[PDB]
Structure formats: structure tokens, C-alpha cells
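Participant: Structure provided below as C-alpha cells; questions to follow.
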Amino acid sequence: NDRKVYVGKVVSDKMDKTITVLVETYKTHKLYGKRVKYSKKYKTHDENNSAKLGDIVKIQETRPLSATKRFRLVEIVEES
Amino acid sequence: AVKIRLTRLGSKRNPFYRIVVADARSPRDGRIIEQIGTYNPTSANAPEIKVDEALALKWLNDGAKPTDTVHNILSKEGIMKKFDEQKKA
Amino acid sequence: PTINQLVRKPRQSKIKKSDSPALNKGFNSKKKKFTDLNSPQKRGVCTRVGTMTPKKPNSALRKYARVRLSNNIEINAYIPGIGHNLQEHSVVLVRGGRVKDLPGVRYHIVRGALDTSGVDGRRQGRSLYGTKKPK
Amino acid sequence: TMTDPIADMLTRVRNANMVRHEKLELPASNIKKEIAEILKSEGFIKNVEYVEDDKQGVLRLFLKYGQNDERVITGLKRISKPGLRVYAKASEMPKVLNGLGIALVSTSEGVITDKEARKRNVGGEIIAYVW
Amino acid sequence: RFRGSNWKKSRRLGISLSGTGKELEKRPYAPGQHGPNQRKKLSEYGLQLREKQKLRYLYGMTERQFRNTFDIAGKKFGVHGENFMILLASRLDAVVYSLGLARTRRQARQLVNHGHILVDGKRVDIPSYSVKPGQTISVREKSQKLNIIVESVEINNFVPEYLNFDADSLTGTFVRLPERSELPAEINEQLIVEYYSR
Amino acid sequence: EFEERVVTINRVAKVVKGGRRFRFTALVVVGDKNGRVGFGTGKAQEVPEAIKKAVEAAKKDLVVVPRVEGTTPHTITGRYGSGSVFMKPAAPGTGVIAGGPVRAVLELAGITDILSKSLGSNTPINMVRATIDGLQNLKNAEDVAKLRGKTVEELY
RNA sequence: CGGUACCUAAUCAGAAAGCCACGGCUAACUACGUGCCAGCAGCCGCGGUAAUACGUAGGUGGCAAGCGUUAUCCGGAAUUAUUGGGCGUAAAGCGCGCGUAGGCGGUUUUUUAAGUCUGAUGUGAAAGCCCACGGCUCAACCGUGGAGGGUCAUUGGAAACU
RNA sequence: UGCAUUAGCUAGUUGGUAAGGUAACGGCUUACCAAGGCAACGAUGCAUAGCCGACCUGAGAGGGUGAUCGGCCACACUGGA
């Protein structure tokens, strides 16, 4: 099989090998049918502090590597 | 252990039995794995056994045990006779 | 409103207030709370039985009864019929239903339920007012 | 800072219809040109004209009227709009006025009429109702 | 059920047809103490009620058997106002009455009650059996000769259309579903259906 | 020949210094069950003469109701001030379902099978005129193609 | 379960109807009693001496092994309105500015496929709802075969509109 | 689900590197190192409520309910082991 393959945008590269991407998509409203953007900070596991703030990063899910990060990095489409 | 059973449907004084391969620890009228066919004692003359015998042999070859009445149902059609030729070959 | 400020602040409905608000409250005695269980009737012991006059162009004197129910709340309760048996401390079964042209009383009493007895001589609308079949 | 172009097109057409005007002009587009091209093919306007100017070339419409001084377009309604875009599958793609009027619909072939979207089996954003 | 006088109900409604006529004795307007008087004219909800009563007391039914056999006429492709007419005459009360085994409807309903039919085989003793098109209706072999049975066949002729009849143990057939012509159109079905629309 | 039908009679009095007034007015609906219907009001004091005042007043304004048979051609909403009726076509075996005053203006033309619901206000003067104004703005399939320039099969 | 279901004979019109409404909505009313009293009332409202609205009696009607009252829920209610409402005077425009987030945004070309549309699967158990047959003496009910999973995910495509 | 007449919540809390231990990954736990983490897209707090298939209602949109019958979870006088 294969795992989910989301793409996003980093928000805060803090210390110690962790970045947090921002996958933004468009849920529709239930009753009125208006599209609305919403955000989802997905913590992910950088290998060696590679990606910097401002980059758009492709990610993939993995086994739970910590309490709140579940995802890993695969590829960086653009950076700053 | 999985075992082919009889889950009863139908009303009072009118039993209708569907035959079911299910786990032995589920309840009688509860969750099932697959529903093979039916069985109806209170019809006109027959018991009206319907069994898709291509699928009942998929369970008998990996641990399903008939329990004393579906073993009569499968023998009435002839699944249990034809079950030996997989073991004989 | 426009479509954005109706997603951002949706259509909250208009709540419906239930008449007879004393019949839909229970009283747990082991915890001293008010539950909500929507009872159709609720019995109670009586406190005062007198007469009250209407405030309409009508002019009479109506027989009421101040009853405290199974839950420990006070109401006023009308008595339909002609004659009643309601001195004090009697157990009666409060029926819902407002009686207008009377202030502060919006409940009936089931005539013939626990300790009140039926009317003396009705034979026409006989099931309500609670008397059995004669002869 | 008008915010819906082809609704401003569509109420220019309604207001000219009310005063029995026979000639008005639009600040045009491609979708304005090809909605106005599709009303003459269905037969609501007489003849649309050229696109000429240096910036955003105008086009003229030539409304069409009945012989007893009646009007052809009686009612004209924009349905999709900014803030609430409505989209229709080809299955529930609706008939206007019990099949009498039309519904020009932007699908992935260019915009087409109400009739020409079911037999093509494509849906899309449903732009307006013309009747 | 009703058990009363069909004479009074034929006074207020059109006819219940015990004999050929029943309203000629007294005033044909209304039974009691306000009948022979100026008939006050009647609104729409009243007349949507009266034709429903003229059909209900014709077959001798009651509501939630008259209503539960109404919405199951809203299942077939025909006109719902007359699907309710055609499956209402296909009961074992009308079929015993139509192919004449009785001088009236109530003892025809009493005939199918006590078990004198043996339709299409063993027995159906219910008076609400909707007869399918194409199975025979007989009389019981234990009781083939009674004063009620035979001496009401010879009087009432005209076994209606989409039926048969014989003297060989009195065996009708119920050929197919009758038409609105072969159904009593004294009561119009075009206004009963608006009563149950409300 | 015309088919008379009332909607309601009203009991109206205007206050006088002496004895007050005895005007009984009534509106009627006049149609022919074929596609031609008119309404009108009539003010008098003799009540059967107050009816026939409104009947002849209906005779001056008859509107031709276009029709695909057994129903109405398409879906409309009528409007006159506050009254507003709804008018959906139906299958030819449904029965005309309508309110109090709007049934009389729908039975008197031959339809007998349409969905309807009187939205908005309630007074019988306005909704019988907000139905005629609805039935004023109906269009056949054949005469639109005369204006639009196509044929009846080219519209579909 | 059970000598139960049921089937054969024997006898008898035997023992087996009430319940609420009657002004107008709402199809069914006359007469005595009572005379702002006793009382009714879902709404408007009835009663002071000729009460079709009270109390009873004769009628009639709704429908019936039930009937009526009460409680609660949805509908009628377009009285939360996306479908489908409003804000001059009926309830409703902040006393007006500057502006953050957000929402929305002129024309054309190329382009991508997030939204969108389209077709390939897979799945959204069984029971029920709808439809068609079968078994209940009919019906309730029960069983079997079908709309069918239309919500979603996986996979090709289409490129106008965001 | 209802409240902003609840606007600052966290301090093993968020990462790191080790070590133990779990059927298994992991702040799951314990040491050190770093100051992060979540939040007007409603963190938190209080109040209410087992959830769903389904059932009732409605022309639909939608509203209401969780008795019975199934799926799952939680609990077994109350609280730990």
C-alpha cells in the first residue's frame, strides 16, 4: 500500500529537527454551500534541520515519531 | 473458532434460519462474517436448503466447523461428500 | 443578510416556550435537584380551597385549589364541574390546561382520580368530570 | 470597482428591455461576447456586433421585439454569483420554465445552452437563466 | 360494524339499496325532527364528507379499513380516484353480492362470515379478501341447499360484467377487474379523493 | 355560457351620525372551464342583486388562460401587492389542490391537476387578483417560438 | 408449548356498545330547567326570563372496542426565509471616520488541475424504508430477489469558469 | 451540542539526545539539553449529552428522537491496584 502525500507551507521552524507545515484546503459549508478556507498545522519530522521558514514542502505520513508529530519530509518544491 | 451456524429469523411459531459462518463468541442474532444461505423447516414439504457451495467450501478448508444441524444441511445437498476430494487430492 | 455573514453567524432559531411549566419538572429527593421528564399528569396535596372571581366582562366566583405537587412547587388549580370534595390535605391529580378569564391559575384537576369524586348528576358529557354509568 | 462583470452585463439587458430600447453597448469580455453570441443563436436578440476598441472593445446587442410590441426576453436572472458559486452535475442540470427558457452553463467546452449540455453529458457552473 | 338501519342512512345519503328503493315512505331528506323542514344548503367539506359516507355505508365498512384500503390504491398506475373504486368491489362482500348469492349485501357479508364460500380451494371466511382476477368462488359442499342461498339466486338476475355464474354448485369465476361503468356511479368518486387530501 | 361562483360575502357598515349603513358586497369568479376566467366585485344591498352586480362586472375582464391540456404550461408565481400564489404543473391524475379563494379561480378554468400554495397574505380580494396576474403571465410553447423565431421542436 | 393450533359434529337470535361533539371554523337542534347564578371555553366569546354555547331529556352525527382529555415532538410557520423574509414611516442602518484579519475583486494570452465536470473501480454489514414475488385462510406480520448506496476513498480524462 | 455575560491556555507542557519498558510506535515514563506547543478556522473553562445504523415528521431543504432490534464504546456499591 501507500501513505498520504500532503503538501504544505512551513510556519515555525523551532529548534531540534521539527518543522510545522500548513496544509490549507477548502471545506464547503453544510447548509449554505459557501466554500471556506481552513488551516491545519501538521507537525512533521525534519531530518537534519534542512527546511527553513518560507518554504513549501511536500510531506508524507509515517509512524508516530513523537507525541504530536506523525509525518515526515520527502521533498521541497520551493523555498525562500 | 469460526463455525458455520444457524441464525434464526422470522416470527413467533414460524422459525426461519439463515446459515452463517461466524465466530463462536458472537451472539446468535448478532454480528456475522458471511451469510451462506437459508433453511426453512416450516414450509410446505421441503426444508428449502439454498447453499452457494462454491463459497461454503472456502470456509470449510480454513477452520469452519459445522455444528450438528448445518452438518445435516450440507450433507442433504452434498457439500460434505464433495469436501473429501480436496483432502483426498 | 449576505451569504458570508450568515456562514459566519448562522440562523439561530426562535425557541418555543412550553405552557404548563410545572408538569415537566421532577424532584429527585436523594439529590435535591429538578429533573426534566415531561409528565402528562402530576398528583399533589392541596393547601387552600376558596373561590376566585373572574376579571373579564364575565362575573362569577370560580372554585380554585392551591396544590403543591410531587415536585415541591406551588400552583393554583381549577376544579371543573358542580360539586367537589376538597376541604384540605386531599390528594388530587393535576391536569394541564389553561383556564382563561381567571388570573394566576392555568391547571385543571382530574375529577375522579385519587380522592376527589365525580359530579353528582351528569349523564351527558360524562367521561370527563369522571362519573360511572348509572344503572 | 464593480465586482461582477457579467451580472452588470445582464442587468444592462434587462433595463434596456424595460424601456423598449433596441440598441445598447457593453464593456465586453470573452464570456460577455460568447454569452451574447449564444442569445442570438437561441433567438432572443437580433444580432450582436464587433469588438473594436483599443482597451476592452465594446459590443452592441440589438434586442428583438414582438410584432404586437411585445418583448422576447421576459425575465432575466443571474444564478451563480460571487460569494456563492452554484455548480450542477449533468444529471440534475435543471430545465428552465418547464423547458421553455434556457440556462447558459459554463462547462469545460465553452459555455453552452440548456439543451446542449445534457446530450453532451457535461456539467459545470450554471451562469444564468434567460426567459 | 354498523348493525343498524340502512333505511335511515339511505335517507341522509343517496341510497343503500336494500330493495330497489327505500326513501319513498317518509321524507327523503333527513331522519329525525329536522328532516321535513327547509334543507339548509351545505358547504364543500360537508359534500366531500357525504359522498364518502355514501360509499362507506354502501359496502358496509368502517374507517381505518376504509382508509387503509385507500392508500394501497395509491400504488398502481391508474387514476387513484377509481383504483379505490375497482379494488373495493373485488372484496368477498361485493363479489358474493354482485354474482347473486343473496337478496342484499349484509347477509352476503354474513354468508362469507360463517364459511359458506370455499373460494379457489379450501376456505376464505374473511369478508375483506380482495379477490385476484381469475379464481373461482363457490358455495360450501356441506351447505349447498339453504332457503337463503337458492331462493335469492332466482330473484336477482344480472350477474355484472367481468364475472361468470352457473347453477353447477353456484360457481362464479371473477374474470377480471370491473370497469367504472360496471360499478355503481350513483356516488361520484371525483370528490371523495379530496376529502383525504385535507 | 358562464358559470357563476362566489368567494365570500362581506357585511360592511360606514358610521353615520344617524343610522349606520347596510352595504353587503361580494366578489365572484366567472369562468367557462376551457381557458377563460374573470373576477369582479359588486356593491349593493339586495344580496342576490349584489351577486349579479359582481357577475356582470366580471364579464368586462376575461383573461385567456393558455394550457397544455389537463394542467398549466409552466411554473409561475403570481404577485399583486402582498398576495402571492404558487403554481406548479402536475400529472393529469393528481387533482387540483388549492386554498379557499384560489380554488375557485382554478376550477373555473379547466385544469383540475396542479400544485399550488397561497404564500404571503390572506385576504380573498388580493389572492384572487394575484392569481389572475399569475395566469396573465403564462406562455404556451407554440407562441414563444413565434416570438423567438424557432419552431416547437427546435425549442427542445 | 400442548391435548395447543386446527378440523368435524350437537344446541341457542341466546351473552358480546359504548364514547365525545350539536354558535362559527366543524358535517350533527329542538324543547324544558336555570336566569351574570350554577357554570362553559381550542379561538372569537356564551349566561341578567323567548340560552340552538350552561344542566338534563328526545333527536342527529363523527367512528367504534374503543372514545375523549392532557403531555411532548414535527408540520401548518415563508414566525430565522440556502431553496424561501426583511431594515423611509410597522420590529430593524452603528453618530460618523481611519483601518487589521477576513470576504469579494477590470481585460487578454500561455499554463496547472486545488474547486468544478465526466467514467473506471472499491466500499457505506445485516435488519428496515421504496419496488417485485413467496408464506401466513386475508391483513398485520414474515421471508427472498432488486433501486443502491447518492455522501467517501482510489484511479483515468475534459480545461470554460473560480 | 450550547455559551466569548468563558480570551490566554499549558511546564513532561513542545522538541532533542540517551536510557529503560510495551504485543507495539511514542513526553509512555525517568534523567539532562533547548524554549518551544496550542489558540477568534473559538486553545481553555463551565454546562449538557454514550455515538451510529435507524425511527418519527416534512413536497423537499431540513427538524426531532436514540424504547425495541443490530454495530461499537464505557461502567459493574465508590475510588486505586
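Every chain in the C-alpha cells has a letter given in the order shown (A, B, ...), and although residue numbers restart at 1 in each chain, ligands are simply numbered from 1 in the order shown.
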Would you give me, as a PDB file with N, CA, C and O atoms, in the first residue's frame, the residues of chain D that come within 12 Å of chain A, using only C-alpha atoms?
Facilitator:
```pdb
ATOM      1  N   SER D  80     -25.529  31.916 -10.601  1.00  0.00           N
ATOM      2  CA  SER D  80     -24.212  31.859  -9.982  1.00  0.00           C
ATOM      3  C   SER D  80     -23.724  33.271  -9.746  1.00  0.00           C
ATOM      4  O   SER D  80     -24.019  34.167 -10.529  1.00  0.00           O
ATOM      5  N   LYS D  81     -22.984  33.476  -8.667  1.00  0.00           N
ATOM      6  CA  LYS D  81     -22.591  34.819  -8.269  1.00  0.00           C
ATOM      7  C   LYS D  81     -21.391  34.709  -7.345  1.00  0.00           C
ATOM      8  O   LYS D  81     -21.131  33.631  -6.802  1.00  0.00           O
ATOM      9  N   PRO D  82     -20.600  35.776  -7.201  1.00  0.00           N
ATOM     10  CA  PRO D  82     -19.513  35.751  -6.218  1.00  0.00           C
ATOM     11  C   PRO D  82     -20.052  35.616  -4.804  1.00  0.00           C
ATOM     12  O   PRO D  82     -21.134  36.100  -4.480  1.00  0.00           O
ATOM     13  N   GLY D  83     -19.308  34.914  -3.966  1.00  0.00           N
ATOM     14  CA  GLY D  83     -19.780  34.589  -2.635  1.00  0.00           C
ATOM     15  C   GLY D  83     -20.510  33.266  -2.563  1.00  0.00           C
ATOM     16  O   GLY D  83     -20.372  32.537  -1.579  1.00  0.00           O
ATOM     17  N   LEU D  84     -21.293  32.937  -3.593  1.00  0.00           N
ATOM     18  CA  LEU D  84     -21.979  31.646  -3.649  1.00  0.00           C
ATOM     19  C   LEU D  84     -22.032  31.207  -5.114  1.00  0.00           C
ATOM     20  O   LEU D  84     -22.949  31.564  -5.852  1.00  0.00           O
ATOM     21  N   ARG D  85     -21.031  30.432  -5.516  1.00  0.00           N
ATOM     22  CA  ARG D  85     -21.000  29.843  -6.844  1.00  0.00           C
ATOM     23  C   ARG D  85     -21.810  28.556  -6.828  1.00  0.00           C
ATOM     24  O   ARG D  85     -21.596  27.698  -5.968  1.00  0.00           O
ATOM     25  N   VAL D  86     -22.741  28.409  -7.763  1.00  0.00           N
ATOM     26  CA  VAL D  86     -23.537  27.193  -7.858  1.00  0.00           C
ATOM     27  C   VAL D  86     -23.035  26.361  -9.031  1.00  0.00           C
ATOM     28  O   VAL D  86     -22.729  26.892 -10.106  1.00  0.00           O
ATOM     29  N   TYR D  87     -22.883  25.061  -8.798  1.00  0.00           N
ATOM     30  CA  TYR D  87     -22.380  24.125  -9.789  1.00  0.00           C
ATOM     31  C   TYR D  87     -23.380  22.994  -9.940  1.00  0.00           C
ATOM     32  O   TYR D  87     -24.014  22.582  -8.965  1.00  0.00           O
TER      33      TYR D  87
END
```
Participant: Env of residue E:4: 12 Å cut, atoms = only C-alpha atoms (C1' of nucleotides), seq-sep filter 6 positions within chain, self excluded. Answer as an MDAnalysis selection string.
Facilitator: chainID E and resid 10 57 60 106
Participant: With a distance cut-off of 6 Å and only C-alpha atoms (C1' of nucleotides), select the neighbouring residues of stretch 12-16 of chain A, excluding the residue or stretch itself and same-chain residues fewer than 2 positions from it, and output the selection as a VMD selection string.
Facilitator: (chain A and resid 18 to 19) or (chain H and resid 15 to 16)
Participant: Go ahead and save the residues from that selection, with N, CA, C and O atoms (P, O5', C5', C4', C3', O3' and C1' of nucleotides), as a PDB file, in the first residue's frame.
Facilitator:
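Result saved to result_37.pdb:
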```pdb
ATOM      1  N   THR A  18      12.417  19.762  14.011  1.00  0.00           N
ATOM      2  CA  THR A  18      10.979  19.763  13.774  1.00  0.00           C
ATOM      3  C   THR A  18      10.558  21.033  13.054  1.00  0.00           C
ATOM      4  O   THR A  18      10.933  22.138  13.459  1.00  0.00           O
ATOM      5  N   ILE A  19       9.780  20.867  11.985  1.00  0.00           N
ATOM      6  CA  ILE A  19       9.089  21.960  11.320  1.00  0.00           C
ATOM      7  C   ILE A  19       7.603  21.632  11.324  1.00  0.00           C
ATOM      8  O   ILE A  19       7.198  20.482  11.504  1.00  0.00           O
TER       9      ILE A  19
ATOM     10  P     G H  15       6.217  17.030  20.703  1.00  0.00           P
ATOM     11  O5'   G H  15       7.414  17.529  19.785  1.00  0.00           O
ATOM     12  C5'   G H  15       8.648  16.839  19.790  1.00  0.00           C
ATOM     13  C4'   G H  15       9.790  17.735  19.402  1.00  0.00           C
ATOM     14  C3'   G H  15      11.169  17.132  19.585  1.00  0.00           C
ATOM     15  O3'   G H  15      11.540  16.263  18.534  1.00  0.00           O
ATOM     16  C1'   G H  15      11.141  19.266  20.550  1.00  0.00           C
ATOM     17  P     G H  16      12.041  14.778  18.877  1.00  0.00           P
ATOM     18  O5'   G H  16      13.589  14.964  19.182  1.00  0.00           O
ATOM     19  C5'   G H  16      14.403  15.753  18.331  1.00  0.00           C
ATOM     20  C4'   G H  16      15.649  16.195  19.045  1.00  0.00           C
ATOM     21  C3'   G H  16      16.431  15.091  19.721  1.00  0.00           C
ATOM     22  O3'   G H  16      17.237  14.372  18.811  1.00  0.00           O
ATOM     23  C1'   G H  16      16.210  16.918  21.197  1.00  0.00           C
TER      24        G H  16
END
```
Participant: For the strand (DSSP E or B) assignment from backbone DSSP, which residues of stretch 27-127 of chain F qualify? Please present them as a PyMOL selection string.
Facilitator: chain F and resi 27-31+36-44+63-64+76-77+80+83-89+114-120
Participant: Based on the selection just made, write N, CA, C and O atoms of those residues as a short mmCIF file (atom, residue, chain, number, x, y, z; two decimals), in the first residue's frame.
Facilitator:
```
data_model
loop_
_atom_site.label_atom_id
_atom_site.label_comp_id
_atom_site.auth_asym_id
_atom_site.auth_seq_id
_atom_site.Cartn_x
_atom_site.Cartn_y
_atom_site.Cartn_z
N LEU F 27 -67.48 39.43 -3.94
CA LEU F 27 -66.69 39.16 -5.13
C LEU F 27 -67.02 37.76 -5.65
O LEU F 27 -67.29 36.85 -4.86
N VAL F 28 -67.04 37.61 -6.97
CA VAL F 28 -67.32 36.34 -7.61
C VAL F 28 -66.22 36.02 -8.61
O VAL F 28 -65.44 36.89 -9.00
N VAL F 29 -66.17 34.76 -9.01
CA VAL F 29 -65.27 34.29 -10.06
C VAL F 29 -66.14 33.72 -11.18
O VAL F 29 -67.05 32.93 -10.92
N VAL F 30 -65.86 34.14 -12.41
CA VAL F 30 -66.62 33.72 -13.58
C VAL F 30 -65.66 33.10 -14.58
O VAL F 30 -64.70 33.75 -15.01
N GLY F 31 -65.93 31.85 -14.96
CA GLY F 31 -65.12 31.16 -15.95
C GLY F 31 -65.94 30.19 -16.78
O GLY F 31 -67.16 30.08 -16.59
N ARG F 36 -60.70 30.54 -20.00
CA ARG F 36 -61.12 31.94 -19.98
C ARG F 36 -61.87 32.20 -18.69
O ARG F 36 -62.92 31.59 -18.44
N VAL F 37 -61.33 33.09 -17.85
CA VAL F 37 -61.75 33.29 -16.46
C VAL F 37 -61.65 34.78 -16.13
O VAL F 37 -60.68 35.44 -16.53
N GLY F 38 -62.65 35.31 -15.43
CA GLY F 38 -62.58 36.66 -14.92
C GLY F 38 -63.22 36.75 -13.55
O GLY F 38 -64.06 35.93 -13.17
N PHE F 39 -62.81 37.78 -12.82
CA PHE F 39 -63.34 38.06 -11.49
C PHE F 39 -63.92 39.47 -11.46
O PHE F 39 -63.75 40.25 -12.40
N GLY F 40 -64.58 39.79 -10.36
CA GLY F 40 -65.09 41.13 -10.17
C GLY F 40 -65.79 41.23 -8.83
O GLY F 40 -66.13 40.22 -8.21
N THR F 41 -65.99 42.47 -8.41
CA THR F 41 -66.70 42.78 -7.18
C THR F 41 -67.99 43.52 -7.49
O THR F 41 -68.16 44.10 -8.56
N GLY F 42 -68.92 43.48 -6.53
CA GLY F 42 -70.19 44.15 -6.70
C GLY F 42 -70.76 44.65 -5.39
O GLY F 42 -70.88 43.89 -4.43
N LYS F 43 -71.12 45.93 -5.35
CA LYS F 43 -71.63 46.56 -4.14
C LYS F 43 -73.10 46.90 -4.33
O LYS F 43 -73.46 47.66 -5.24
N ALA F 44 -73.95 46.35 -3.47
CA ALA F 44 -75.38 46.63 -3.47
C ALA F 44 -75.91 46.32 -2.07
O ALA F 44 -75.15 46.11 -1.13
N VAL F 63 -59.65 36.90 -19.05
CA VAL F 63 -58.28 36.64 -19.49
C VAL F 63 -58.21 35.23 -20.07
O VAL F 63 -58.83 34.30 -19.53
N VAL F 64 -57.53 35.10 -21.20
CA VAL F 64 -57.37 33.81 -21.86
C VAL F 64 -56.24 33.06 -21.16
O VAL F 64 -55.11 33.55 -21.09
N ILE F 76 -44.98 29.24 -12.33
CA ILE F 76 -45.05 30.68 -12.12
C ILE F 76 -45.37 30.97 -10.66
O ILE F 76 -45.89 30.13 -9.93
N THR F 77 -45.06 32.20 -10.25
CA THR F 77 -45.57 32.78 -9.02
C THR F 77 -46.27 34.08 -9.38
O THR F 77 -45.68 34.95 -10.04
N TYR F 80 -49.46 40.36 -6.56
CA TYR F 80 -50.22 41.61 -6.59
C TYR F 80 -50.17 42.19 -5.18
O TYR F 80 -50.94 41.77 -4.31
N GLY F 83 -50.36 39.62 -1.79
CA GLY F 83 -50.76 38.26 -2.13
C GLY F 83 -49.84 37.66 -3.17
O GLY F 83 -49.39 38.33 -4.10
N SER F 84 -49.56 36.37 -3.02
CA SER F 84 -48.63 35.69 -3.92
C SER F 84 -48.95 34.20 -3.93
O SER F 84 -48.71 33.52 -2.93
N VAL F 85 -49.45 33.70 -5.04
CA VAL F 85 -49.74 32.28 -5.17
C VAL F 85 -48.59 31.60 -5.90
O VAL F 85 -47.81 32.23 -6.62
N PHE F 86 -48.50 30.29 -5.72
CA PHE F 86 -47.52 29.44 -6.39
C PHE F 86 -48.28 28.50 -7.32
O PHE F 86 -49.43 28.16 -7.06
N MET F 87 -47.63 28.09 -8.40
CA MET F 87 -48.36 27.35 -9.43
C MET F 87 -47.40 26.39 -10.12
O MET F 87 -46.69 26.78 -11.05
N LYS F 88 -47.38 25.14 -9.66
CA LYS F 88 -46.57 24.10 -10.30
C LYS F 88 -47.46 23.19 -11.14
O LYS F 88 -48.56 22.85 -10.72
N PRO F 89 -47.03 22.81 -12.34
CA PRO F 89 -47.78 21.81 -13.11
C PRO F 89 -47.72 20.44 -12.45
O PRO F 89 -46.83 20.14 -11.66
N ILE F 114 -53.06 20.55 -10.67
CA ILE F 114 -51.89 21.40 -10.46
C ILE F 114 -51.58 21.49 -8.97
O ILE F 114 -52.47 21.40 -8.12
N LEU F 115 -50.29 21.68 -8.68
CA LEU F 115 -49.84 22.02 -7.33
C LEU F 115 -49.96 23.52 -7.13
O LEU F 115 -49.68 24.30 -8.04
N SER F 116 -50.36 23.93 -5.92
CA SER F 116 -50.48 25.35 -5.63
C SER F 116 -50.38 25.57 -4.13
O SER F 116 -50.67 24.67 -3.33
N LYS F 117 -49.98 26.79 -3.76
CA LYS F 117 -49.91 27.19 -2.36
C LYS F 117 -49.93 28.71 -2.31
O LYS F 117 -49.08 29.36 -2.93
N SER F 118 -50.89 29.28 -1.58
CA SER F 118 -51.01 30.73 -1.45
C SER F 118 -50.03 31.22 -0.40
O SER F 118 -50.31 31.18 0.80
N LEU F 119 -48.87 31.69 -0.85
CA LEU F 119 -47.91 32.33 0.03
C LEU F 119 -48.36 33.75 0.34
O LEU F 119 -49.32 34.27 -0.23
N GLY F 120 -47.66 34.39 1.27
CA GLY F 120 -47.93 35.80 1.53
C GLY F 120 -49.22 36.01 2.31
O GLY F 120 -49.53 35.28 3.26
#
```
Participant: Name the residues in contact with residue B:70 at a cut-off of 7 Å, using only C-alpha atoms (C1' of nucleotides), excluding same-chain residues fewer than 4 positions from it; report them as JSON, numbers by chain.
Facilitator: {"B": [5, 66, 74]}
Participant: Which value, in Å to one decimal, gives the distance between atom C1' of residue G:59 and atom CA of residue E:33?
Facilitator: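 Taking atom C1' of residue G:59 and atom CA of residue E:33, their separation equals 6.4 Å.
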Participant: Just the helix (DSSP H, G or I) stuff from stretch 8-118 of chain D, please, per backbone DSSP, written as an MDAnalysis selection string.
Facilitator: chainID D and resid 8:18 31:42 115:118
Participant: Given the choices H:59, H:34, H:12, H:53, which gets closest to chain F if the distance is worked out from only C-alpha atoms (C1' of nucleotides)?
Facilitator: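 Looking at the shortest contact to chain F, the residue is H:59.
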